[PDB]
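Only one structure is covered here, and it is reproduced in the block below.
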Amino acid sequence: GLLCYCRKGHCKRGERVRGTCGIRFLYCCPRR
Numbered sequence: 001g002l003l004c005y006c007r008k009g010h011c012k013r014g015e016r017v018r019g020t021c022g023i024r025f026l027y028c029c030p031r032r
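So for the sequence shown, PDB author numbering puts the first residue at 1; every next one is plus one.
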């Protein structure tokens, strides 16, 4: 739902990139 997480290098097979968290970190939001 309305909750996203920072991922290192890339998101998991389910989380879509929403933005950037920092150097080598991406803010990904799950597709559910």
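Where a beta carbon is used, it is the ideal one built from N, C-alpha and C, also for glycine.
If you drop the 5 nearest sequence neighbours on each side, which residues of the same chain put their C-beta closer than 7 Å to that of residue i?
i: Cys11; result: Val17, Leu26 and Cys28
i: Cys4; result: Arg18, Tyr27, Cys28 and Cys29
By Cβ distance below 8 Å, which residues in the same chain neighbour residue i in space, the five residues on each side in sequence not counted?
i: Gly14; result: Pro30, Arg31 and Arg32
Output the distance between the C-alpha atoms of residue i and residue j, rounded to the nearest integer angstrom.
i: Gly1; j: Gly22; result: 23 Å
i: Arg24; j: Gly9; result: 5 Å
i: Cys6; j: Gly19; result: 9 Å
For residue i, which three-state DSSP category applies?
i: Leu26; result: strand
i: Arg13; result: coil
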